[PDB]
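Asks: Partial complex follows, first chain(s) only, in situ:
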Amino acid sequence: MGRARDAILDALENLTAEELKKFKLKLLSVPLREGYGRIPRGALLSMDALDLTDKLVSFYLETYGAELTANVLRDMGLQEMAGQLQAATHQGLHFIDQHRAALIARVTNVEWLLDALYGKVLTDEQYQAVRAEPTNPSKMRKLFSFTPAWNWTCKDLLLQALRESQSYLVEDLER
Amino acid sequence: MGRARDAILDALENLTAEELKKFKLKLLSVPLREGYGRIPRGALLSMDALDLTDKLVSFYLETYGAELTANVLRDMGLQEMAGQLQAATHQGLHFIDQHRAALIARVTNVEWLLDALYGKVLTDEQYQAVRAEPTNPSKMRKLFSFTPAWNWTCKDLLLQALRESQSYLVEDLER
Amino acid sequence: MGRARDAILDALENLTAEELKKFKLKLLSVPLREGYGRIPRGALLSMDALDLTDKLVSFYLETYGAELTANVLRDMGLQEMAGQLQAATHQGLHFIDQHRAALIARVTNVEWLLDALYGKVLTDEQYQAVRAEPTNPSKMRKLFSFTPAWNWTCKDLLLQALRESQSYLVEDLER
């Protein structure tokens, strides 16, 4: 699966000239994996977004180019663009999606997650339906039913709530 | 659910230049969650409300951006603006809406709440109708019937009255 | 229900500058409820009534702002403006309106109240009409029919007469 060129272009088109200049400047000093070259200063300091996109795709592979662009954007502080690019490249698959079974089987403090997600994402009837479940696995199974209608931001909020509540569980899942 | 940019813009546009400058100054030293950067002084000390809103949504996501804006505003002392922002981001969902079932089940001192809400919120006929109910759960069920016509301020007043009357119930519900 | 800005402006606009200075000075040491900030001295000691009203509504909500203004006015000794603001915020609803049924059902010495209210509030015709009633509940029901034409001061006088006559009933009703 490829077609990440359009994702990179979309990420690069939602930032102004003063941010594009900073991105190009920071591209000159970012650490690189072995076997990959560096773009010369002569051409890099004059390209626009359109030329930068296919230059990035040519010099670094599509996957590595996408992840390098995400890392550079995250370093500059632009979290929205990095999140959008990560969502585009990784499809509609999030961290909670890969570890779904472990999250339904090992989480304990459901009420903290419900309180964190109440109002911002969950509606009143959904909150009551989730709270009506007897046991924690049942609550988790009911809660995950609303995930397909969510976007990247809501999933990130849920992950942040889980990290704040149970750091040990998420650290174990990372390993 | 998004649309937090409009809420942030409304919150930031309703405060004067002297408060905006203090807000920008306090944005430089507010504690930040891990993984988030800080706005440089060069650009921050010259932005207006629109640019500040755009940069706030850019560096921090809509959820965390709104939360940070509310925290900074309530640190400045502007409680009205923070309350309006919380109402906008959370929709018409309040603390009393979340724990409605427990509140119509565990509260005892209803006449104190009625005295606190008399005149300012409740009318004479509504007060008489609530007083006509035989038991406390019936009184609470009748009282919650008028909630949809209320705004954030009335719900905050009711929460304050509940906290003053039965602090233990409130601290148990929040925890 | 809001509209407290107009009430606060009317209360603060009906006092002279020398006692406006005293109001501003006493606003610096009044005890505050939990979770509310304090106005800095640099700006507070230089504003007029128009700016003071806006900042009072800004830092403290309309409800708590009106309550704090009434408390500060009562502490200064100005009962007239404090009572006017109390009437404005609580609408045309008084203590006697809240406990009308209990007052009609439990009061005994109506003659003392009639003597206290004679001339100052009631004319000869109303006095004779009330005296013509056979029993105490009938006298109270006849008397309460004249309340809609009264103002805050007459109701306060009636409450004072009730407190002087039957203090135990008043302290029971308030608690």
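Replies: Thanks, I have the structure now. Numbering: from 1, shown residues only, chains lettered A, B, ... in the order given.

Asks: Show me the helices in chain A, by range?
Replies: Assigned by DSSP state H, chain A shows helices spanning A:4-13, A:17-26, A:41-44, A:49-59, A:62-76, A:79-89, A:95-98, A:100-106, A:110-117, A:124-131, A:136-143, A:152-165, A:167-174.

Asks: residues in contact with the last one?
Replies: It refers to helix A:167-174. A:99, A:102-103, A:106-107, A:159, A:162-163 (Cβ atoms under 8 Å, 6 or more residues apart in numbering or on different chains). In short, each C-beta sits where N, CA and C put it, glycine included.

Asks: now swap in the first one and tell me
Replies: Helix A:4-13 is contacted from outside by A:20, A:23, A:49-50, A:52-54, A:56-57, A:62-63, A:65-66, A:69, A:73, A:81, A:84-85, A:88-89, using Cβ under 8 Å, 6+ apart.

Asks: list the contacts for residue A:20?
Replies: Counting by Cβ under 8 Å, 6+ apart, residue A:20 touches A:12, A:48-49, A:52.

Asks: Over to residue A:49?
Replies: A:9, A:12-13, A:20.

Asks: just residue A:62 next, same as before
Replies: Here residue A:62 is in contact with A:2, A:4-5 (Cβ under 8 Å, 6+ apart).

Asks: repeat that with 10 Å
Replies: The contact partners of residue A:62, by Cβ atoms under 10 Å, 6 or more residues apart in numbering or on different chains, come to A:1-5, A:7-8, A:56, A:89.

Asks: if I look at the residue of chain A found nearest chain C, how far off is residue B:90?
Replies: Among the residues of chain A, residue A:115 lies closest to chain C, at 19.4 Å counting by Cβ to the nearest Cβ. Between residue A:115 and residue B:90 the distance, using Cβ to Cβ, to the nearest Å, works out to 12 Å.

Asks: And these two? Which one has more around it.
Replies: Shown here are residue A:115 and residue B:90; by other Cβ atoms under 10 Å in any protein chain shown, residue B:90 has more neighbours (19 against 15).

Asks: returning to what we had before: buried subset of the contacts of helix A:4-13, written for PyMOL?
Replies: Command for PyMOL, covering only those of the contacts of helix A:4-13 found buried under the criterion 16 or more other Cβ atoms under 10 Å in any protein chain shown:
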select buried, chain A and resi 20+23+49+52+53+56+57+62+65+66+69+73+81+84+85+88+89
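
Asks: what two of the contacts of residue A:20 are the furthest from one another?
Replies: The distance between the two most remote of those (Cβ to Cβ) is 9.2 Å, for A:12 and A:48.

Asks: which of those two has more neighbours?
Replies: Counted by other Cβ under 10 Å, residue A:12 and residue A:48 do not tie: residue A:12 has more neighbours, with 21 against 10.

Asks: let's put chain D on the structure above:
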Amino acid sequence: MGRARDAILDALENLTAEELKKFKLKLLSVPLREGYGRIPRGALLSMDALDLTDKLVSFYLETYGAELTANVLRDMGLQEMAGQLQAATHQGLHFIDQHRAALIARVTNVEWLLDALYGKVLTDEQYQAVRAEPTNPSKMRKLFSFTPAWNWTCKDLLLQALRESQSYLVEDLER
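Replies: Placed with the earlier chains, chain D looks like this:
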């Protein structure tokens, strides 16, 4: 029917730079119909009114572009520009024009409308001529004879008067 470019240009050219920037900012979060894209931030935050008109007509069709511009303008609170744009796009056709026969046939309280329109729109001679009519349909037919000389604002005032007088008729006609 087209020519929406001139209407959009006239609407956008009659507003200052500071609210132009607000319009551009709010164009980034307005809900969109399915099948329509969003203008990237890179170009949107730099173009002026002349470029913005062409961009709006390109990305969105003339009809939907005008509708979206009017919706955003009403969201900002500027009702004069939105009304002018509606008048330009819909030609000299108003709500009262489309439902003329039903309005002449079903309205009852003509005198309230005449009182609302007196002085602001109708002259003394026209008012007397309308009052001289025997029955309500005759009064309405006489009143509608002066409509061609009116503008959008007068028709909006008449519609507001009708809505305030007979709300049920208006809500029936609109549905």
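
Asks: Please reconsider the contacts of helix A:4-13 now that chain D is part of the model.
Replies: A:19-20, A:23, A:48-50, A:52-54, A:56-57, A:61-63, A:65-70, A:73, A:78, A:80-82, A:84-90, D:39-43.

Asks: Mind doing that once more with 6 Å?
Replies: Residues from elsewhere that reach helix A:4-13, judged by Cβ atoms under 6 Å, 6 or more residues apart in numbering or on different chains: A:49, A:53, A:57, A:62, A:66, A:69, A:81, A:85, A:88-89, D:40, D:42.

Asks: Can you add distance to residue B:128 and give those back as CSV?
Replies: What follows is the contacts of helix A:4-13, written out as CSV (distance: Cβ to Cβ, whole Å):
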residue, distance to residue B:128
A:49, 68
A:53, 70
A:57, 74
A:62, 72
A:66, 67
A:69, 67
A:81, 58
A:85, 61
A:88, 60
A:89, 63
D:40, 60
D:42, 62
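
Asks: Closest one to chain B out of these, please.
Replies: Nearest to chain B among the contacts of helix A:4-13, with distances taken as Cβ to the nearest Cβ, is residue A:81, at 7.9 Å.

Asks: what's that closest one in contact with, if anything?
Replies: Residue A:81 makes contacts with A:11, A:73, as judged by Cβ under 6 Å, 6+ apart.

Asks: Give me the distance between it and residue A:11.
Replies: As judged by Cβ to Cβ, residue A:81 and residue A:11 stand 5 Å apart.

Asks: Quick check: buried residues in stretch A:65-83?
Replies: Applying a neighbour-count criterion of 16+ other Cβ under 10 Å, one finds A:65-70, A:72-74, A:76-83 buried in stretch A:65-83.

Asks: With stretch A:116-136 instead?
Replies: Buried residues in stretch A:116-136 (16+ other Cβ under 10 Å): A:116-122, A:126-127, A:129-130, A:136.

Asks: can you tell if that stretch touches chain B?
Replies: Yes. Judged by Cβ under 6 Å from any Cβ of the partner chain, stretch A:116-136 comes into contact with chain B through A:118-121.

Asks: Can you tell me which of the contacts of helix A:4-13 is nearest residue B:175?
Replies: residue A:81 (37.6 Å).

Asks: on that earlier part again, save the residues of stretch A:116-136 next to chain B as TSV, and put in distance to chain D too.
Replies: Written out in TSV, the entries for the residues of stretch A:116-136 next to chain B read as follows (distance: Cβ to the nearest Cβ, whole Å):
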residue	distance to chain D
A:118	23
A:119	19
A:120	16
A:121	17
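
Asks: burial of residue A:164, as a residue count?
Replies: Neighbour count of residue A:164, defined by other Cβ under 10 Å: 14.

Asks: for chain B, what are the nearby residues on chain A?
Replies: Neighbours of chain B within chain A, by Cβ under 6 Å from any Cβ: A:77-78, A:80, A:118-121, A:153, A:157.

Asks: now for chain E, put it on the one above:
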Amino acid sequence: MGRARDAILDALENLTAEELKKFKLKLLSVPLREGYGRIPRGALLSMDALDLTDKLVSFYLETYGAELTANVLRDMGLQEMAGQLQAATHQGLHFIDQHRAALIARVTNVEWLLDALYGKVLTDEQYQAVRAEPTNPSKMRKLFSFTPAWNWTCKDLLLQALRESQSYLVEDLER
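Replies: Alright, chain E goes in next:
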């Protein structure tokens, strides 16, 4: 530990306009530690509190900036603001907290301290409880149990009483 920006802003914001000018004037002649520059007259004589705080933090670090501000405020005579800034910078840690063990072990005349603190700080029942202790170390240990509920002013009063009673013990303590 940082966050001295908030403390400096609070200290500068609670002082009036005619004495902010005196503060700025005295900032031009205060002795400076080696390696630190002096703010030029051109910009200093036009700033308000918001720019002054940022300039102070930029030119002198947070620690030295807070110390210099406290020294200048003390020279001006404003002891309350200097004490507030000192409390904010050093956290809730006072001189008595630093030498707690030495104070409990070496002080003799507890009665003078109790007489100085009676009424103003200590209540009757806890004064009696302290007086009930058999020996001086027990009296001091019981007295220090009420310290956490005190503020900076009470601790300053206790230190002043200690200086008046046993000057030699203090001057040994700081040196």
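
Asks: mind redoing the contacts of residue A:81 now chain E's in there?
Replies: Applying Cβ under 6 Å, 6+ apart, the residues contacting residue A:81 are A:11, A:73.

Asks: Could you rerun that using 7 Å?
Replies: Contacts for residue A:81 (Cβ atoms under 7 Å, 6 or more residues apart in numbering or on different chains) come out as A:11, A:14-15, A:73.

Asks: likewise residue A:102?
Replies: Residue A:102 is in contact with residue A:173, counting by Cβ under 7 Å, 6+ apart.

Asks: quick one on the thing from earlier: for the contacts of residue A:81, which one is nearest residue E:171?
Replies: Nearest member of the contacts of residue A:81 to residue E:171, counting by Cβ to Cβ, is residue A:73, at 60.5 Å.

Asks: For that closest one, which non-adjacent residue is spatially closest?
Replies: residue A:82 (4.4 Å; Cβ to Cβ, 6 or more residues apart in numbering or on different chains).

Asks: okay if I get the contacts of residue A:81 as TSV plus distance to residue B:111?
Replies: TSV is the format used below for the contacts of residue A:81 (distance: Cβ to Cβ, whole Å):
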residue	distance to residue B:111
A:11	60
A:14	57
A:15	59
A:73	58
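
Asks: now the nearest residue to residue A:96 once chain neighbours are set aside: how far from residue A:3?
Replies: Take residue A:96 and drop its neighbours on the chain: the residue closest to it by Cβ to Cβ, 6+ apart is residue A:155, 5.8 Å away. Between residue A:155 and residue A:3 the computed distance is 22 Å (Cβ to Cβ).

Asks: can you check residue A:46 too?
Replies: For residue A:46, the distance to residue A:3 - Cβ to Cβ - is 27 Å.

Asks: for the closest residue to residue A:119 other than its chain neighbours, phi and psi?
Replies: If you skip the residues right next to it in sequence, residue A:119 has residue B:90 as its closest partner in space, 3.6 Å away by Cβ to Cβ, 6+ apart. For residue B:90, the backbone dihedrals are phi -90, psi 0 (criterion: degrees, to the nearest 10).

Asks: Run a quick check on residue B:90 versus residue A:117, I expect a contact.
Replies: No. Between residue B:90 and residue A:117 no contact is recorded; they are 11.2 Å apart, counting by Cβ atoms under 7 Å.

Asks: shared neighbours of the two, anything?
Replies: Looking at what touches both residue B:90 and residue A:117 (by Cβ under 7 Å, 6+ apart), there is no common residue.

Asks: wait, what's in contact with residue A:77?
Replies: Applying Cβ under 7 Å, 6+ apart as the definition, the contact partners of residue A:77 turn out to be B:37, B:59.

Asks: Phi, psi for it please.
Replies: phi 100, psi -10.

Asks: State the distance from residue A:92 to residue A:148.
Replies: With distances defined as Cβ to Cβ, the gap from residue A:92 to residue A:148 amounts to 8 Å.
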